[PDB]
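Undergrad: My structure is below; once you've seen it, I'll send some questions.
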Amino acid sequence: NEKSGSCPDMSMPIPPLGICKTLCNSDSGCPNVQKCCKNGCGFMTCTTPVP
(Lines give C-alpha, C1' and ligand atoms only; values in the text may rest on other atoms or scores of the structure.)
Protein backbone atom coordinates (compact mmCIF):
# COMPACT_ATOMS: atom_id res chain seq x y z
CA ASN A 1 0.00 0.00 0.00
CA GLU A 2 1.12 3.55 -0.78
CA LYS A 3 3.88 3.69 -3.39
CA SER A 4 5.03 7.32 -3.32
CA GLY A 5 2.05 9.65 -3.49
CA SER A 6 -1.72 9.24 -3.56
CA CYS A 7 -4.82 9.55 -5.74
CA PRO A 8 -5.49 12.88 -7.54
CA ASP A 9 -8.97 13.76 -6.26
CA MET A 10 -10.43 15.97 -8.99
CA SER A 11 -12.54 13.94 -11.42
CA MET A 12 -11.77 16.58 -14.04
CA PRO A 13 -10.75 14.34 -17.00
CA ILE A 14 -13.72 12.34 -18.28
CA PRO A 15 -13.13 9.95 -21.23
CA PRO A 16 -16.24 10.16 -23.48
CA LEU A 17 -15.03 7.29 -25.67
CA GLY A 18 -16.50 3.85 -25.07
CA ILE A 19 -14.15 2.76 -22.31
CA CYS A 20 -15.65 0.86 -19.38
CA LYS A 21 -13.21 -1.81 -18.21
CA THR A 22 -10.95 -1.84 -15.15
CA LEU A 23 -7.33 -3.00 -15.28
CA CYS A 24 -5.55 -2.46 -11.95
CA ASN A 25 -6.52 -3.53 -8.44
CA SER A 26 -4.37 -1.06 -6.49
CA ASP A 27 -1.18 1.00 -6.39
CA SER A 28 0.99 -2.11 -6.52
CA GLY A 29 -1.28 -3.30 -9.33
CA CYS A 30 -0.44 -0.41 -11.63
CA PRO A 31 2.82 -0.52 -13.59
CA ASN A 32 5.69 1.97 -13.86
CA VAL A 33 4.58 4.29 -11.04
CA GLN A 34 0.90 4.95 -11.66
CA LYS A 35 -1.66 4.84 -8.87
CA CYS A 36 -4.83 2.78 -9.09
CA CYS A 37 -7.89 4.99 -8.60
CA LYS A 38 -11.37 5.54 -10.02
CA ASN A 39 -11.31 8.35 -12.58
CA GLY A 40 -13.11 7.08 -15.67
CA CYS A 41 -16.08 4.77 -16.20
CA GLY A 42 -16.24 3.85 -12.52
CA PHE A 43 -13.43 1.31 -12.70
CA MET A 44 -9.93 0.92 -11.26
CA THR A 45 -7.45 2.33 -13.77
CA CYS A 46 -3.97 3.84 -13.58
CA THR A 47 -3.44 7.56 -13.03
CA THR A 48 -0.70 10.08 -12.25
CA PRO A 49 0.63 10.03 -8.65
CA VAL A 50 -0.07 13.19 -6.66
CA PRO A 51 2.16 14.43 -3.79
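A note on labels: chains of the C-alpha coordinates are A, B, ... as shown, every chain counts residues from 1, and ligands are counted from 1 in their shown order.
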Give me, as a VMD selection string, all polymer residues having an atom no more than 7 Å from residue 48 (chain A), counting only C-alpha atoms and skipping those fewer than 2 positions away in the same chain.
TA: chain A and resid 34 to 35 50
Undergrad: I need the chosen residues saved as a PDB file, in the first residue's frame, with N, CA and C atoms.
TA:
```
ATOM      1  N   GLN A  34       2.243   4.399 -11.649  1.00  0.00           N
ATOM      2  CA  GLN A  34       0.895   4.946 -11.662  1.00  0.00           C
ATOM      3  C   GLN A  34       0.062   4.391 -10.514  1.00  0.00           C
ATOM      4  N   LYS A  35      -0.802   5.235  -9.961  1.00  0.00           N
ATOM      5  CA  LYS A  35      -1.661   4.842  -8.866  1.00  0.00           C
ATOM      6  C   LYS A  35      -2.969   4.283  -9.403  1.00  0.00           C
ATOM      7  N   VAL A  50      -0.069  11.831  -7.186  1.00  0.00           N
ATOM      8  CA  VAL A  50      -0.074  13.190  -6.657  1.00  0.00           C
ATOM      9  C   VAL A  50       0.609  13.251  -5.291  1.00  0.00           C
TER      10      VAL A  50
END
```
Undergrad: For each of A:32, A:22, A:47, A:39, take the minimum atom-to-atom distance to residue 10 (chain A), counting only C-alpha atoms, then give the residue where this is smallest.
TA: A:39
Undergrad: Could you find all residues in chain A that DSSP calls strand (DSSP E) from the backbone, and write them as an mmCIF file with N, CA, C and O atoms, in the first residue's frame?
TA:
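The file below, part-v1.cif, is the result:
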```cif
data_model
loop_
_atom_site.group_PDB
_atom_site.id
_atom_site.type_symbol
_atom_site.label_atom_id
_atom_site.label_comp_id
_atom_site.auth_asym_id
_atom_site.auth_seq_id
_atom_site.Cartn_x
_atom_site.Cartn_y
_atom_site.Cartn_z
ATOM 1 N N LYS A 35 -0.802 5.235 -9.961
ATOM 2 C CA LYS A 35 -1.661 4.842 -8.866
ATOM 3 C C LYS A 35 -2.969 4.283 -9.403
ATOM 4 O O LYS A 35 -3.418 4.663 -10.479
ATOM 5 N N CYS A 36 -3.578 3.379 -8.659
ATOM 6 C CA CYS A 36 -4.832 2.777 -9.089
ATOM 7 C C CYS A 36 -6.019 3.439 -8.396
ATOM 8 O O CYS A 36 -6.280 3.196 -7.219
ATOM 9 N N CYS A 37 -6.730 4.282 -9.139
ATOM 10 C CA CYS A 37 -7.888 4.985 -8.603
ATOM 11 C C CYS A 37 -9.079 4.868 -9.545
ATOM 12 O O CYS A 37 -9.019 4.170 -10.557
ATOM 13 N N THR A 45 -8.486 2.159 -12.755
ATOM 14 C CA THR A 45 -7.452 2.331 -13.769
ATOM 15 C C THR A 45 -6.230 3.035 -13.191
ATOM 16 O O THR A 45 -6.222 3.429 -12.022
ATOM 17 N N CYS A 46 -5.198 3.189 -14.014
ATOM 18 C CA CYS A 46 -3.971 3.844 -13.583
ATOM 19 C C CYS A 46 -4.029 5.343 -13.845
ATOM 20 O O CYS A 46 -4.573 5.793 -14.853
ATOM 21 N N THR A 47 -3.464 6.105 -12.922
ATOM 22 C CA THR A 47 -3.440 7.558 -13.027
ATOM 23 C C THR A 47 -2.099 8.113 -12.560
ATOM 24 O O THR A 47 -1.231 7.365 -12.105
#
```
Undergrad: CA of residue 8 (chain A) and CA of residue 33 (chain A) are how many Å apart?
TA: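 CA of residue 33 (chain A) lies 13.7 Å from CA of residue 8 (chain A).
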Undergrad: Rounded to one decimal, what separation in Å do you get between CA of residue 7 (chain A) and CA of residue 26 (chain A)?
TA: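 For CA of residue 7 (chain A) relative to CA of residue 26 (chain A), the distance reads 10.6 Å.
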Undergrad: Please report the interatomic distance between CA of residue 25 (chain A) and CA of residue 9 (chain A) in Å with one decimal.
TA: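 Interatomic distance here is 17.6 Å.
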